[PDB]
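Peer 1: give the three-dimensional model of this entry:
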Amino acid sequence: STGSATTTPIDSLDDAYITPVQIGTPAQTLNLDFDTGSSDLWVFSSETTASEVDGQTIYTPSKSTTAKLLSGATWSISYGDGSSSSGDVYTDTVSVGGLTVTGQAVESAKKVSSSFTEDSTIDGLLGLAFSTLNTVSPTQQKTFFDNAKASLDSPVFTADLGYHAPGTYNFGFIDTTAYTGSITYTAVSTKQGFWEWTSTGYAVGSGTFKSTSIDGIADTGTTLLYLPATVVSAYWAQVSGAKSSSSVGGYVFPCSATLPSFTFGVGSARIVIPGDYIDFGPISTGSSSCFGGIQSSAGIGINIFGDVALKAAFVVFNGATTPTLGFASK
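Peer 2: Residues are numbered from 1 along each chain as shown. The protein structure is shown below:
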C-alpha cells in the first residue's frame, strides 16, 4: 500500500504545516502537525477541557463506531517549546492520504497548554519519530508509520515541505519526479529515538564550505534550524546589523536586509537553503526588526534540522531494519 497527502503551511511564515488525517468511522478529518521529532498521535477531542479549545476541530470518539477505549492507558507529553498536553487513549482507524491503519492509538487530550489553545489551525500532532519515544503508559504504543510499515510497498515515508506553499507527505514510495539529481543517503542513530544523523558541514552564502561534523535531528515539527553557536554566529556575521537579542530570544536582523543562503552537507552532497527561507518576519507587528530562521542550539542539547532546512530538500525517512535518511535537492 501507499499514501499521499498534501501538507499546508498554517500561516504566511511557514510556522508549521498541517496535513489532513481521517480518524474513525465515519471519518472525522482533523488537521494534524506531522512531527518527525516526536512519537505520539494526539488530538483535540470532546474530552478536552472546554476553556482550552478555541477553534480547533475535535475528535469525538463516541461518534466513531470503530473507536475503543484503551483501558487504563494515559499519556502526557512536553515539547521543546515548553508546550504540553495529556489525556487518555482510544484505538481507532486512521487514514492518511489513502493509507489506512486499523487499531491506531489515538491519544485524546484532556488538557493542552496555552500555545495549543491559542493556535486554532492545529488540531493535534502525528508523531513520526521512533516508537520508543511514545508516552503512553503503562503500555507504550506505536506510531502511525510503525503500524503501517509492514503493509507499505517500501518501508519509507518522505517529506517534501514547501516554502510559502503546500507540499507533500508520501508513505510507502519515493516519487522520483519530486526531486532533482540523486538522493544522498546518510546513517541514522536511533539511540535517542530521533531521526538523528551527522551533517558533513556548512557554507554561508557564496563562501567556502567548512567540513565539520554536525550531529542533529531531522525534525519536521520544529520550525527553525538550530545549530551550534559557532555556525550561527558565522551566518549572522554576514548580515549587517544582525545581533543576538536576549530580550527577543535569538538572532534578529534588519527587515531591510537581503539574507545570504545557507548550505549544509549530506555526505558529499550539498543542500542550499535560500536566504528568503531564513526570514521569519517582524518580531512584533510593524517592527523593522525581523526574526532569524537560523538560531543557536546551545542549551537545547541537540542540533535540530527543522523546517527551514528540510523544506529546501526532498527528504526520505527510510524505516528499513537499519534506518537511514535521504536528502535530494528539488
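
Peer 1: contacts made by stretch 21-29 with the rest, please.
Peer 2: Residues outside stretch 21-29 that contact it (Cβ atoms under 8 Å, 6 or more residues apart in numbering): 5, 20, 30-32, 43, 57, 59-61, 63-67, 92-96, 106, 126. C-betas here are computed from N, CA, C, even on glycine.

Peer 1: out of these, which end up buried?
Peer 2: By neighbour count, with 16 or more other Cβ atoms under 10 Å, the contacts of stretch 21-29 hold 5, 20, 30-32, 43, 57, 59, 61, 64, 66-67, 92-96, 106, 126 as buried.

Peer 1: mind listing which of the contacts of stretch 21-29 are in strands?
Peer 2: 5, 20, 30-32, 43, 92-96, 106, 126 (DSSP state E).

Peer 1: mind putting the residues you listed into JSON lines with distance to residue 12?
Peer 2: Below are the ones in strands among the contacts of stretch 21-29 laid out as JSON lines (distance: Cβ to Cβ, whole Å):
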{"residue": "5", "distance to residue 12": "22"}
{"residue": "20", "distance to residue 12": "20"}
{"residue": "30", "distance to residue 12": "22"}
{"residue": "31", "distance to residue 12": "17"}
{"residue": "32", "distance to residue 12": "20"}
{"residue": "43", "distance to residue 12": "25"}
{"residue": "92", "distance to residue 12": "34"}
{"residue": "93", "distance to residue 12": "34"}
{"residue": "94", "distance to residue 12": "30"}
{"residue": "95", "distance to residue 12": "29"}
{"residue": "96", "distance to residue 12": "25"}
{"residue": "106", "distance to residue 12": "31"}
{"residue": "126", "distance to residue 12": "23"}
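
Peer 1: buried residues in stretch 105-124?
Peer 2: 105-110, 112-113, 116-117, 119, 121-124.

Peer 1: can you pull out the helices in the chain?
Peer 2: For the chain, the helices defined by DSSP state H cover 114-118, 144-148, 229-236, 307-310.

Peer 1: which elements pack onto the last one?
Peer 2: Where contact means 3 or more Cβ pairs under 8 Å, 6 or more residues apart in numbering; DSSP states H and E, helix 307-310 is packed against strand 269-273.

Peer 1: okay, buried residues for the strand it packs on please.
Peer 2: 269, 270, 271, 273.

Peer 1: which residue ranges of the stretch 101-250 of the chain form strands?
Peer 2: 124-127, 156-160, 167-171, 184-187, 196-204, 210-218, 225-227, 243-245, 250-254 (DSSP state E, counting those that start in this stretch).

Peer 1: what's the neighbour count on residue 8?
Peer 2: Look at residue 8: counted by other Cβ atoms under 10 Å, it has 17 neighbours.

Peer 1: only alpha carbons, please: show stretch 97-108 as PDB.
Peer 2: C-alpha atoms of stretch 97-108 as PDB (Å, rounded to 0.1, in the frame of the first residue of the first chain):
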ATOM      1  CA  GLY A  97      -3.700  10.200   2.100                       C
ATOM      2  CA  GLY A  98      -5.400   6.900   1.300                       C
ATOM      3  CA  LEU A  99      -3.300   4.700   3.600                       C
ATOM      4  CA  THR A 100      -5.300   3.100   6.400                       C
ATOM      5  CA  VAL A 101      -4.100   1.800   9.800                       C
ATOM      6  CA  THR A 102      -6.600  -0.100  11.900                       C
ATOM      7  CA  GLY A 103      -6.100  -0.100  15.700                       C
ATOM      8  CA  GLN A 104      -4.000   3.000  15.800                       C
ATOM      9  CA  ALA A 105      -3.600   4.600  19.200                       C
ATOM     10  CA  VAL A 106      -5.300   8.000  19.100                       C
ATOM     11  CA  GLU A 107      -4.400   9.900  22.200                       C
ATOM     12  CA  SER A 108      -7.300  12.100  23.200                       C
END
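
Peer 1: quick one: contacts for residue 168?
Peer 2: 4, 5, 6, 7, 158, 160, 175, 178.

Peer 1: same check on residue 178?
Peer 2: Per Cβ under 8 Å, 6+ apart, neighbours of residue 178: 158, 160, 168, 314, 330.
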